[PDB]
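With full-length UniProt numbering as the guide, the letters of the first sequence map in order to residues 287 to 347, 351 to 357. Input: a single structure, listed below in structure tokens.
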Amino acid sequence: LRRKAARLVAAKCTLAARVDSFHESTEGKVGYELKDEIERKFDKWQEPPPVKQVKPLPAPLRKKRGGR
RNA sequence: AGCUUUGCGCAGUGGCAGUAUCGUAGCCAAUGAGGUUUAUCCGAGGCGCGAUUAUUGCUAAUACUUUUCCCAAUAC
Numbered sequence: 287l288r289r290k291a292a293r294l295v296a297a298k299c300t301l302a303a304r305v306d307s308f309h310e311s312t313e314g315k316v317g318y319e320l321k322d323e324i325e326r327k328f329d330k331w332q333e334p335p336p337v338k339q340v341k342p343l344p345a346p347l351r352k353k354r355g356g357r
């Protein structure tokens with residue numbers, strides 16, 4: 287997942303650098319929000335897979354079409 | 001006043017393929033999906049789940065017997 291993470295980190299770093307180039311969000315709210323988003327998307331990737339049901343065999347046993 | 005371009009609908013005439021089509025009050029996505037090549041470069045859907053003849057509807061093929069009429073003198 288490291289390249290998928292690197293793309294996201296690069297995008298959010300571009301956003302933070304554009305934020306900082308005008309010296310706005312001096313205290314650091316935007317960076318904290320972007321880091322929180324990055325961490326949440328990282329946890330989503332590593333979140334354990336959902337519970338998935340087993341499909342039983344249908345039945346051991351009707352008209353059919355015909356054309357081109 | 002014709003000619004013509006783009007996108008969207010309604011149709012008609014064809015051709016091609018059934019290992020693919022569709023759904024997504026599930027998740028993520030141009031504040032970036034995905035990146036094997038062309039990476040100080042490209043640029044959209046992707047994942048999971050679900051339905052199924054790997055889209056779905058029709059149409060057709062897989063049979064003859066009920067009834068309802070009857071006998072009689074030109075005679076003790």
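C-beta atoms are modelled at their ideal positions from N, C-alpha and C, and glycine is treated no differently.
- For the alpha helix (DSSP H) containing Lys327, list its first residue and its last residue. 315-332
- For the putative contact between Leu294 and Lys321, defined by C-beta atoms under 8 Å, what is the C-beta separation to the nearest angstrom? 11 Å between Cβ atoms; not a contact.
- Item | Cα-Cα separation between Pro336 and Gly356, rounded to whole angstroms | 42 Å
- Query: By how many angstroms is the C-alpha of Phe308 removed from the C-alpha of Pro334?
  - Reply: 40 Å
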